[PDB]
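Asker: Structure below; questions to follow.
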RNA sequence: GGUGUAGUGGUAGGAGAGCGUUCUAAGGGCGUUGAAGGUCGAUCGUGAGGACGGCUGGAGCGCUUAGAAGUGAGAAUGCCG
RNA sequence: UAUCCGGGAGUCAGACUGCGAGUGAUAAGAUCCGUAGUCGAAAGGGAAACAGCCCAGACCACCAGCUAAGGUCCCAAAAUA
RNA sequence: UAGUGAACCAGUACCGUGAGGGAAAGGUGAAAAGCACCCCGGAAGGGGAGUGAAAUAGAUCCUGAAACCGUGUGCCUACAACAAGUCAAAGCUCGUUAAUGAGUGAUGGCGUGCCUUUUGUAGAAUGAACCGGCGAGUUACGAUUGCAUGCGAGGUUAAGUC
Ligand SMILES: [K+]
Ligand SMILES: [K+]
Ligand SMILES: [K+]
Ligand SMILES: [K+]
Ligand SMILES: [K+]
Ligand SMILES: [K+]
Ligand SMILES: [K+]
Ligand SMILES: [K+]
Ligand SMILES: [K+]
Ligand SMILES: [K+]
Ligand SMILES: [Mg+2]
Ligand SMILES: [Mg+2]
Ligand SMILES: [Mg+2]
Ligand SMILES: [Mg+2]
Ligand SMILES: [Mg+2]
Ligand SMILES: [Mg+2]
Ligand SMILES: [Mg+2]
Ligand SMILES: [Mg+2]
Ligand SMILES: [Mg+2]
Ligand SMILES: [Mg+2]
Ligand SMILES: [Mg+2]
Ligand SMILES: [Mg+2]
Ligand SMILES: [Mg+2]
Ligand SMILES: [Mg+2]
Ligand SMILES: [Mg+2]
Ligand SMILES: [Mg+2]
Ligand SMILES: [Mg+2]
Ligand SMILES: [Mg+2]
Ligand SMILES: [Mg+2]
Ligand SMILES: [Mg+2]
Ligand SMILES: [Mg+2]
Ligand SMILES: [Mg+2]
Ligand SMILES: [Mg+2]
Ligand SMILES: [Mg+2]
Ligand SMILES: [Mg+2]
Ligand SMILES: [Mg+2]
Ligand SMILES: [Mg+2]
Ligand SMILES: [Mg+2]
Ligand SMILES: [Zn+2]
C-alpha cells in the first residue's frame, strides 16, 4: 500500500540534550552522541531527512582515553603540500583543544555526505561544565547505560 | 595537444558566460538631449561642454 | 523487390529517446547514448525492485528498534518476545504502530516482555 | 477453394531462417559460424574428405 | 478505529470507509468479501491477535479489479550479446472497507 | 495590431557575434536600443540598427502604432545558410571555411 | 479448459514459435467531410511491437488469407550528406 | 535416465582455488599432469574495493515472513547479550 | 545515396603531361495568377496590400525528421567529488488515452558506459565526434536429411510440338 511514514523537515521537533564526557571513553561517547545526532533514538527516523537532536558536550577536557591512547593515538592531517604531514597526539589534543578531539571523533562516525555534515553542525563541545546554550533549555542525558 | 573529449553544450555555455559585450558611459547630451558618450563630442549636434565644434 | 529503410528505424529510435526523456543532455538527445543509458536504467531498475524490499525492511527494523528502546527493550528482545507470544504482526505494521500509535506499540511491547518473563 | 482463403497443408511449408539479424534470433553477429578459425571465413572450410 | 488484516501474504492497515489494494481476490466486482485473519484492532483501545484476534472479522466490497502500471524486466549481460525483455502487470483488487468487527 | 516584426535574412555576419549585440537591446525601449546600437562599434550593430529601424517603420506605417511607447519585445539571431570555402594550408592540404550568415529578427510592441 | 507435481541464469551453439517492412493475388474496405508521411500524448500486449486522439500535411493507404524477398543496423580507423 | 540410428553444430588459447605429484629453489598470479569446485557461460549476500575464495543458482510482482555465509558501538541492519 | 557513371546541357564539371580517373545536381502552384501599389533600407531583405483553396506553397519554393543553433519559461541549482542513472523522497507547478496522473526535484541508498577480443576488460587493450541515409549467408545447378502432398511395387518425365 506504500504507507510507510516519511518524516519531513521542520515538522519534527529537535530537542537539546547535554552529555557529560567526564571519565567516559572517547569512542563510546562519540557513538552515543552520533546516534542521537542522527536521530536513531526516535521512531520517526527517516534516512533522507534530518530528525536528530542537538547535543552539548561538557567537560570534554576530562574525556577518558584507555590504554596508551593519550600518547600513542596519533591524529594525522596532510596539507596536500609535499611532505606536509602533520601529527598531534590524542593526549595533547585533549589537553589543549578537546573540542577538536570530540568533533573529529564524532565526524568519523557520522555519514560523509551533506546530511551527515548538517547533522554534525548540531554538535557543540565545551571543555568544562558551563555552556552558553541555557536559552535552549537543554535537558541532561544520562549515558552510563548507553555506553 | 588536442581535446581528449568534445566540449558539451553546458560546459561551452559556462565558458562563454563571460563572453559578452558591454555598453557604458551613455548619457544625455546637454545641447540637444540625444544620448552621447561622456567626454566625447555628441555625434548629433557636434557640441561638447556646451560649445559647437 | 527492393525494401528501402522506411520509418521503422525512426520509430524504434524515437521510442528509445522517449524512454530516455529526462536524461542529461546527450543522454536524452542522442539515440546511441540514450540507448546505452536506457539499458543501464533497466539494469538498475530491475536490481532496485529487489533492493527496495531490503531498504524498507531495514527502515522498519530501525524504527522498531528506536521504539523498543523507548519502551525499555532492544529490537532483538522485542522480536523474540513477540515470537514467543505468538504475534504475527510484521515489521511494516510494527513500525507504523511505533510512529503513529505509540499506545498500541507499548501494549505490544508489554505483551512481549511478559512472554519473555514467562 | 477461394483465392482469399488459401491454406497450405500443415507442415508443408516452413519459414527460412535468416542469420545475422540480431542477437535474440540466436544467429546474430557470428551467424552460427563460431569465433574465428578457417570455417568462420567467407568461402571457408576444407574440401570434402 | 482501525484494524490490521493479513491478506495476500501481507498485512494491511484498514479503516472503515477506506479503499485498500490487495492481491487479486477470486471475487466478482461489487460483491462482499470478508477477511477473517485480523491480527490487531486499534483505536481507543487495542486488541492483539495471538496470532489472530478471536472472532474478529473485516467486511469489504470489491470495488474494482485492475492491473498496475507495467513493469519491464530487461536482463542483459554486457559484452555477451544477450538480452531478454519481459513485461508484467500485477493484477490487483480494490476493496472498500464497510465494517470492522 | 499591437506589435510589428522586421527581419533581415541571409545577412553575412557571425550569429554568435550578432547575439552579443542583440543581448544588449533585447527588452529595452526603442530609444535606448537605438542609442546602444549607434554607439556600439561592433559590425553587427549597424545591421541590427537597420533592422530595428525597419521594425519601427513598419509598426508606424503599417499598423499606426505609437512609436514613442514602443519597446523591443523580442529579438534574436538564427543561423542561416553557410557558404563553404577552402583555404590552402601547409603541405598541399586544404582546410574548410564556414562563411556563416544570420537571420536577424526584431519584434517591437506597443508596451 | 480445470487440477496437481516439477521446472523456467546462460556465451558458442541446436530447436520451436512469433513481431515488423516492401511487393503480388483474392476478398473486403478506408480516403479534399482529408491517405501516406511528420510531431505530441499520461494508451494496449509477455517481446519484437499494435492502436486511439490533437496539430501539420495534401493523395494515396490499411485490414484478412496466402505468396516472393534488395525484409529489420550501433559499431566494419565502414561510404555519402 | 542409458543405448542405437540419423539432421545441425560449436569446441581443440583456458583461468584460479583446494588436494596428490613432477620441473623450479619444496620460488612465482611460474610450468606440466591427476582429481573436485567455481569462473568461463552466474546475477544475488560476505570477504572495503576484488572473475576463479565462503553462502547461494535471478520466469515475474509485493512497502510480507524464515534462514545460509558473514555479523550485532557509529558510519551500517541486528547484543555496548 | 535507388535505377545506366549520367532522370538535370555527363563522360560534362573537375583531376592528370598522358593513357586514364570521374562528380554533384529532379518536385512552387490546378493555373504564374511569380506578390501592382505603399513603408524602412543604398541595396539585399523585410512589413503591409494583393494573387491564390493554401504564401510557414514566394521561387534555397511539395512534406520538412535528427544532429546543431536560438528565443520565452514551470521546477531545480553557487559547501559540492556526479558511467550521470535507478530506488526512496519533501517541496513547487500543472491537470492527461482519468490512470492508485504528469513535469521538476532538495535530500538519502545503490551503482566503473556500449561493442569487439579475451582465462580475465570500467578498463590505462580495440572501435565509434554526433545525426540521417546506404551497408554483410543470396541465387543457379546438383548431393543428402526432415516435413508435406500425389501415386505406390511402382513413381516419373527431359528435350521438343500446340
Ligand atoms: K552452425
Ligand atoms: K498521429
Ligand atoms: K559509422
Ligand atoms: K548427434
Ligand atoms: K588444479
Ligand atoms: K505548402
Ligand atoms: K530550455
Ligand atoms: K541519487
Ligand atoms: K585493462
Ligand atoms: K594500444
Ligand atoms: Mg537502413
Ligand atoms: Mg529478501
Ligand atoms: Mg522460400
Ligand atoms: Mg546463442
Ligand atoms: Mg552486435
Ligand atoms: Mg568477430
Ligand atoms: Mg581461437
Ligand atoms: Mg570455428
Ligand atoms: Mg603547393
Ligand atoms: Mg533459476
Ligand atoms: Mg508506402
Ligand atoms: Mg538489407
Ligand atoms: Mg598459471
Ligand atoms: Mg571465451
Ligand atoms: Mg558472482
Ligand atoms: Mg565479465
Ligand atoms: Mg530472523
Ligand atoms: Mg545498527
Ligand atoms: Mg558488552
Ligand atoms: Mg552516379
Ligand atoms: Mg505548414
Ligand atoms: Mg518546404
Ligand atoms: Mg564544508
Ligand atoms: Mg547549497
Ligand atoms: Mg592477454
Ligand atoms: Mg590488438
Ligand atoms: Mg576512436
Ligand atoms: Mg552512422
Ligand atoms: Zn548633442
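Protein chains in written order, with PDB author numbering: chain M, 1 to 147; chain 4, 2 to 54; chain T, 2 to 119; chain O, 1 to 49; chain U, 1 to 101; chain V, 5 to 115. The C-beta atom is built at its ideal place from N, Cα and C for all residues, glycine as well.
1) Closest Cβ-Cβ distance between residue 5 (chain M) and chain T: below 8 Å?
2) Go through its chain and collect everything with a Cβ distance to residue 116 (chain M)'s Cβ below 7 Å, but skip five positions before and after it.
3) Which same chain residues, not among the five before or five after residue 66 (chain U), have their C-beta less than 6 Å away from its C-beta?
4) Step through the CB atoms of chain U and report whether any lies within less than 8 Å of the CB of residue 80 (chain M).
5) Tell me which residues share the same chain as residue 27 (chain T) and place their Cβ nearer than 6 Å to its Cβ, disregarding the 5 neighbours each side in the sequence.
6) Using only the alpha-carbon positions, how far apart do residue 122 (chain V) and residue 54 (chain V) sit?
7) Going by DSSP, what residue range makes up the beta strand (DSSP E) through residue 14 (chain V)?
8) How should residue 72 (chain U) be labelled, buried or exposed, when 16 other C-beta atoms within 10 angstroms of its C-beta is the threshold for buried?
9) For residue 57 (chain T), which beta-bridge partners are listed by DSSP?
10) If you measure between the beta carbons of residue 50 (chain U) and residue 88 (chain T), is that distance less than 8 Å?
11) Report whether the distance from the Cβ of residue 81 (chain U) to the nearest heavy atom of ligand 15 is below 7 Å.
12) Near residue 105 (chain T), what residues of its chain come up, given a Cβ to Cβ distance below 6 Å and the 5 sequence neighbours on each side ignored?
13) Is it buried or exposed for residue 98 (chain M), if we count other Cβ within 10 angstroms and need 16 for buried?
14) Just how far apart, CA to CA, sit residue 15 (chain V) and residue 79 (chain M)?
15) Just list the residues that DSSP pairs residue 74 (chain M) with in beta bridges.
16) Using a C-beta to C-beta distance shorter than 9 Å, which residues of chain T count as neighbours of residue 48 (chain U)?
17) Answer with yes or no whether the minimum CB distance from residue 90 (chain U) to chain T is below 8 Å.
18) What are the residues of the stretch 56-69 of chain V that lie near chain 4, defined by any Cβ-Cβ distance shorter than 7 Å?
19) Taking 7 Å as the limit, name every residue whose beta carbon sits nearer than that to some heavy atom of ligand 1, in sequence order.
20) With 8 Å set as the bound, which would you pick, yes or no: does the beta-carbon of residue 66 (chain M) sit closer than that to a beta-carbon of chain T?
21) Listed in chain order, which residues of the stretch 69-83 of chain T have Cβ atoms closer than 9 Å to some Cβ of chain M?
22) Nearest to residue 9 (chain U) by alpha carbon, out of 39 (chain U), 69 (chain U) and 56 (chain U)?
23) With a CB to CB cut of under 8 Å and the five nearest residues on each side skipped, what residues in its chain are close to residue 8 (chain M)?
24) Check the DSSP bridge columns for residue 14 (chain U) and list the partner residues they point to.
25) When you get a sec, list the residues whose CB is within less than 7 Å of any heavy atom of ligand 16, chain order please.
26) Residues in the same chain with beta-carbon distance under 8 Å from residue 73 (chain V), minus the five sequence neighbours each way, listed in chain order, please.
27) Check the Cβ of residue 55 (chain U) against every Cβ in chain T and list those closer than 7 Å, keeping chain order.
28) What residues in the stretch 62-87 of chain U have a beta carbon less than 9 Å from any beta carbon of chain T?
29) Identify every run of the beta strand (DSSP E) within the stretch 9-81 of chain V, keeping only runs that are complete inside it and at least 3 residues long; order them along the chain.
30) Determine the burial state of residue 13 (chain 4): buried for a count of at least 16 other Cβ atoms within 10 Å of its Cβ, exposed for fewer.
31) Report yes if the CB atom of residue 5 (chain T) is closer than 8 Å to the CB atom of residue 17 (chain T), and no otherwise.
32) Could you check whether the Cβ of residue 1 (chain M) sits closer than 8 Å to any Cβ belonging to chain U?
33) List the whole-angstrom C-beta distance separating residue 58 (chain M) from residue 31 (chain M), where the pair is believed to meet the contact cut-off of C-beta under 8 Å.
34) Quick check: is the beta carbon of residue 29 (chain O) nearer than 8 Å to any beta carbon in chain U?
35) Decide if residue 31 (chain V) is buried, meaning its Cβ has at least 16 other Cβ atoms within 10 Å, or exposed.
Answerer: In this structure, then:
1) In the first chain, the residue the question calls residue 5 (chain M) occupies position 5. Output row for residue 5 (chain M): interface = yes.
2) Along the first chain, read from residue 1 onward, the residue named residue 116 (chain M) stands at position 116. Correct list, in chain order: 110.
3) In the fifth chain, the residue the question calls residue 66 (chain U) occupies position 66. 92.
4) The sequence position of residue 80 (chain M) within the first chain is 80, counting from 1. So, not an interface residue.
5) Indexing the third chain from 1 puts residue 27 (chain T) at position 26. Same-chain partners within the cutoff: 34.
6) There is simply no residue 122 (chain V) to check, as chain V begins at 5 and stops at 115 in what is shown.
7) Taking the sixth chain and counting its residues from 1, the one referred to as residue 14 (chain V) is at position 10. Looking at the DSSP string, the run of the beta strand (DSSP E) that includes residue 14 (chain V) is 7-15.
8) As a position in the fifth chain, residue 72 (chain U) is number 72, starting the count at 1. Counting Cβ neighbours within 10 Å, residue 72 (chain U) comes out exposed, since fewer than 16 surround it.
9) Working through the third chain from its first residue, we reach residue 57 (chain T) at position 56. Per DSSP, none; premise fails for residue 57 (chain T).
10) Taking the fifth chain and counting its residues from 1, the one referred to as residue 50 (chain U) is at position 50. Taking the third chain and counting its residues from 1, the one referred to as residue 88 (chain T) is at position 87. Yes, these two residues count as a Cβ contact at 8 Å.
11) On the fifth chain, position 81 is the one that residue 81 (chain U) refers to. For ligand 15, at least one heavy atom lies less than 7 Å from the Cβ of residue 81 (chain U).
12) For the purposes of this step, residue 105 (chain T) is identified with residue 104 of the third chain, where counting begins at 1. Cβ within range, chain order: 98.
13) By 1-based counting over the first chain, the position of residue 98 (chain M) is 98. Burial call: buried.
14) Working through the sixth chain from its first residue, we reach residue 15 (chain V) at position 11. Working through the first chain from its first residue, we reach residue 79 (chain M) at position 79. Computed Cα separation, rounded: 57 Å.
15) Sequence index remark: in the first chain, residue 74 (chain M) carries index 74 (1-based). For residue 74 (chain M), which the question treats as bridged, DSSP gives the partners 89 (chain M).
16) Position 48 of the fifth chain holds residue 48 (chain U). Per Cβ cutoff of 9 Å: 86, 88, 90, 105, 108, 109 and 112.
17) Locating residue 90 (chain U) in the fifth chain gives position 90, counting from the first residue. False, the Cβ-Cβ gap to chain T never drops below 8 Å.
18) none
19) 32 (chain O) and 33 (chain O)
20) Numbered from 1 along the first chain, position 66 holds the residue referred to as residue 66 (chain M). Closer than 8 Å: no.
21) 70 and 71
22) Position 9 of the fifth chain holds residue 9 (chain U). Nearest option by C-alpha distance: 39 (chain U).
23) Here residue 8 (chain M) corresponds to residue number 8 of the first chain, with the count starting at 1. Answer for residue 8 (chain M): 49, listed in chain order.
24) As a working note, residue 14 (chain U) is residue 14 in the fifth chain. DSSP, once it has assigned bridges, lists 3 (chain U) as partnering residue 14 (chain U).
25) 30 (chain O), 35 (chain O) and 36 (chain O)
26) The count along the sixth chain starts at 1 and reaches residue 73 (chain V) at position 69. Cβ within range, chain order: 114 and 115.
27) If you number the fifth chain from 1, residue 55 (chain U) lands on position 55. Those do not exist, as residue 55 (chain U) stays about 16 Å from chain T at its closest Cβ, beyond 7 Å.
28) 71, 72, 73, 74, 75, 76, 78, 83 and 85
29) none
30) Position 12 of the second chain, counting from 1, holds the residue named residue 13 (chain 4). With fewer than 16 Cβ atoms within 10 Å of its Cβ, residue 13 (chain 4) is classed as exposed.
31) Indexing the third chain from 1 puts residue 5 (chain T) at position 4. Indexing the third chain from 1 puts residue 17 (chain T) at position 16. Result no, Cβ atoms of residue 5 (chain T) and residue 17 (chain T) do not sit closer than 8 Å.
32) Position 1 of the first chain holds residue 1 (chain M). Chain U, which has a Cβ nearer than 8 Å to the Cβ of residue 1 (chain M), makes this yes.
33) Residue 58 (chain M) sits at position 58 when you count from the first residue of the first chain. Residue 31 (chain M) sits at position 31 when you count from the first residue of the first chain. With 8 Å as the limit, residue 58 (chain M) and residue 31 (chain M) do not qualify as a contact, their Cβ atoms being about 18 Å apart.
34) If you number the fourth chain from 1, residue 29 (chain O) lands on position 29. By this cut-off, residue 29 (chain O) is an interface position.
35) Residue 31 (chain V) sits at position 27 when you count from the first residue of the sixth chain. Residue 31 (chain V) is exposed by the Cβ-count criterion.
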